[PDB]
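Engineer: Sequence first, structure after, both from an experimental entry:
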Amino acid sequence: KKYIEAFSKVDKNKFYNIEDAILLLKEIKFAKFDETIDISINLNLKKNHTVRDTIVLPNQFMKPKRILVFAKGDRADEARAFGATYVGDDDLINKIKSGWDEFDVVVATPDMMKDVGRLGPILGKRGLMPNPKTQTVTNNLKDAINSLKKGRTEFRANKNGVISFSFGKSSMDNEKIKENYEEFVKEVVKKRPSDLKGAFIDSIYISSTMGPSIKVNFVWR
RNA sequence: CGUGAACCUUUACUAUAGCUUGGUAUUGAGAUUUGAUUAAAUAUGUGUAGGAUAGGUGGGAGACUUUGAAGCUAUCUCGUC
């Protein structure tokens, strides 16, 4: 009923901008609970091309994430000073192997990767193993913690050239949602492979928790 | 003997008349059908264990609810029945 009404109130042939689409979604928002609005981008993706990056959203609208630190020497103390939700050691590795999963993400130092290697069979189930590609493993443990606090998220491209990121929540302001979407679009464009000629992104739409997806006018300036 | 002729031969080289096949112009109206592609409608997707038909992605814990709920029955498309 509510979904039918929202679908009726959404126009598929209309090309509304980001703010207009956010306003329409908020008006058609029949989900009583605060809903995180996602963005689906169906762009030109190459067969052998991999699309993956990480971007810190301009506003932190996601719930707190348990940031764990795995480092030796002064690395654990530095993470604790930066505000690590959990600071661990080989004892932390043993706790994880026992089932220590009260945190949302795990970051490790280059040395702590020696113990984190045993975390492949444990962390690899959820994909939380430390890595340098996503900034989880690096010399800036404080930088990774700050990005996680700001709401850094990893974007990936599907096998059909599609991606589905989170731009915030319905309760978040229209300006905040627009800023997050613009930052994500700019990051995607900058990651757009130069080996492809034309439009890197074909279409972009925004869908709420239950609201029908609305495709915005894809204009790059 | 001459980087000379002529005619003749052929699975020597390169062309060509003739013959042949397709497109197009002369050259129109119809109908049926096999397609392909364009989108849109719409369904469909069962390793294993597992509550069971778990295709994938992410948002994702509330949503739907006389605009006919649970869910009874008949029946249809798929069925790995």
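Structural biologist: Sure thing, it's come through. Numbering: from 1, shown residues only, chains lettered A, B, ... in the order given.

Engineer: any idea which element the residue nearest to residue A:172 when sequence neighbours are not counted lies in?
Structural biologist: Leaving aside its sequence neighbours, residue A:172 sits nearest to residue A:61 (C-beta to C-beta, 6 or more residues apart in numbering; 4.7 Å). No exception for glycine: its C-beta is placed from N, CA and C like everyone else's. Under DSSP states H and E, no helix or strand contains residue A:61.

Engineer: Return the distance of residue A:61 relative to RNA strand B.
Structural biologist: 9 Å (C-beta to the nearest atom of the strand, to the nearest Å).

Engineer: same deal with residue A:71?
Structural biologist: In terms of C-beta to the nearest atom of the strand, residue A:71 sits 27 Å off from RNA strand B.

Engineer: What's the local residue count around the residue nearest to residue A:172?
Structural biologist: Per other C-beta atoms under 10 Å, the neighbour tally for residue A:61 reads 21.

Engineer: what about stretch A:95-104, near RNA strand B?
Structural biologist: No. With C-beta under 7 Å from any atom of the strand as the criterion, RNA strand B is not reached by stretch A:95-104; the gap is at least 11.2 Å.

Engineer: for stretch A:205-221, same thing?
Structural biologist: Yes. Counting by C-beta under 7 Å from any atom of the strand, RNA strand B has neighbours in stretch A:205-221: A:207, A:208, A:209, A:210.

Engineer: Cheers, nothing more for now.
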